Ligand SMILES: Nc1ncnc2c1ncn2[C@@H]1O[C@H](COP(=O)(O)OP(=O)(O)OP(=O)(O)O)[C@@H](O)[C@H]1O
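Shown here is one chain on its own, the form solved without this ligand, set out as structure tokens.
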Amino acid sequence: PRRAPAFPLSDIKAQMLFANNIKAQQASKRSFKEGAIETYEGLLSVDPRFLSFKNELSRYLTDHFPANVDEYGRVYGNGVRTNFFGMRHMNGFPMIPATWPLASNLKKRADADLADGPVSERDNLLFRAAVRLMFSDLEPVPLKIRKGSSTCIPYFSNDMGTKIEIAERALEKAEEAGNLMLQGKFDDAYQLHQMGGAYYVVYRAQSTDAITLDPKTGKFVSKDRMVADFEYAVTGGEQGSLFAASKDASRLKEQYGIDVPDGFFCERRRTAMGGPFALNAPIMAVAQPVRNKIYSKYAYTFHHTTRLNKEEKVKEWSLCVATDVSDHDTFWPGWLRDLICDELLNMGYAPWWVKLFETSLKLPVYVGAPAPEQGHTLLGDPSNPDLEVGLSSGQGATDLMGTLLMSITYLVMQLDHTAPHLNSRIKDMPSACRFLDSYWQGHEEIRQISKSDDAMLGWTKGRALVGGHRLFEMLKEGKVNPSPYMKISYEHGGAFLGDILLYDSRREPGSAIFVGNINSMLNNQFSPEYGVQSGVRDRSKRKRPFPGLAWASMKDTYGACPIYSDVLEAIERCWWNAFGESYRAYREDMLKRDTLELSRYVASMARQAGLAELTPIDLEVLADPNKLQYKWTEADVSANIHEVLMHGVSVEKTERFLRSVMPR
């Protein structure tokens, strides 16, 4: 059923993905690599003291604080929704092998019994309306760029200077490129303006994954993670095989002499895509304005910030269903891409720009090194972009594509199983838009709060409410999938955007509260995803610019947690047993050091002015800029701090670009 074309790094199609410079060449050839991360300055993730500390803390907490989740995934009691064995990973060493990314998800989707298009005319309107509401009256802003990010194919540059030129250039030739694409000359477009080529696969760590302790054997069990070998990936499942990767960390002893204590495993690795910046720029240019619109006008269902922010909305519900999507990104439907593009043209978006946007969602992928002696292969032909990988992370609007898909999907689940009486309100585009715009503002008897694949569905007192309960029940029994679009189910440990919904005996949205997930504190602090990169002079360019800072926001972030106090003590204690030092003290030092280093990067901070003027968010973001790509937005961060992490292109240059893209 069309095996994807594949080329070796030596084939000219691959070669042309990397420019004639060291950086690029090196990325094309980068071989499999692993090794312990510098968890904190001077501390190796596999250091024996640490591993012991981890073994004792994890064992203890699990024992003394077992999960408090009811038959309905609602979490009550201690706020603990699972054991603490997730920290038992030798951070820095991946499971082998990683997965080859699947070239086409058509068969995957079909075998999962999910639709290949809007299933009913209503749905077709709803999705299309989502596009109309989202892409309509956008306000130009400057194109922000993450500092130290790679431009990937073809240059692989990190120099902000270069990135800016690259972007400004793209905005200037995007139009000419898109047209070249409309004429079917992708090679021309790639060669002339670097808009095309392929995504660069970078494997990322999932520092914590499930691990359980079989009471019978007294042995631990790492959650298996299925992976696709090359054959499977190119044949969309037809041939090849799918199997569990090996998380066994015994090899570490034999290979690096690293002592592996019982019950520790290699990390789970997820694929990630590095988009060719020349192409992603013009897209990001439009993407941010969209974020601004939906986060403002549709702030009810789309703009989420504090534990209290969310709590306010949910408290007024009579029923709150916390859903869960399976493998969101690889399931995302190419038809939604096409539908969106088509509707965009109807709204009146420059063809060339829509063509760029489309192409960006069907681009080939260059697999680096999923395992030793593997990779260096390009999937799909750049001359004629026709892949169906689902959502590709490095794409300029991945979050938007996911939200658009899922938000309408949940609204449909509600309509289908609990609110048929609302169907009559959706007769055509206008009536559809009207309905959706009211729905998104939280003004209907059915509601949702969401971001990509996380969401909470609500029902107020009313006609749909009885249906709501029925649906939730369909979900508990979980024998039938409530949607025709994605595989939905309820989240075992109902939580939204990092905060857990803590129900009391009543088990109701009004008497429930939002506490931080205590586990996430543990994961952030003892299982980071990247080391401290002390070798990188520019902390603003590091994955973890100022680690110590997160101590400051800790109380604010997780304090509301029921077992907070206990865990901090459990830690301090186990840390004493393992290092003969006070963990609190350790972090207070890191806090002081980092707070001082920070002022060097904040123009407005006196050369020793405290953390006075900074929000908890500011801190969590500075400690982990990644939270900016999944939890918060430029708007939730103090301006002077956002500047530290991002740098932008002139509003003039972008505003002019946008003006030629948008319809009105």
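Sequential numbering from 1, following the sequence displayed.
Separately, the form solved in complex with this ligand exists; it is not shown, and the next lines address it.
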*Partner-contacting position among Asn309, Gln206, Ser157, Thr235 - heavy atom within 4.5 Å of this ligand in the deposited complex*: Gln206
*Can you pick the one in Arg225, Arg122, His417, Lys297 that has a heavy atom within 4.5 Å of this ligand in the deposited complex?*
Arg225
_Only one of these stretches, 106 to 114, 182 to 190, 570 to 578, 265 to 273, has heavy atoms within 4.5 Å of this ligand in the deposited complex; which one is it?_
265 to 273
*Would you check, heavy atoms only and a 4.5 Å threshold, whether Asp324 touches this ligand in the deposited complex?*
yes
_Please determine whether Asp453 contacts this ligand in the deposited complex, using a 4.5 Å cut-off between heavy atoms._
yes
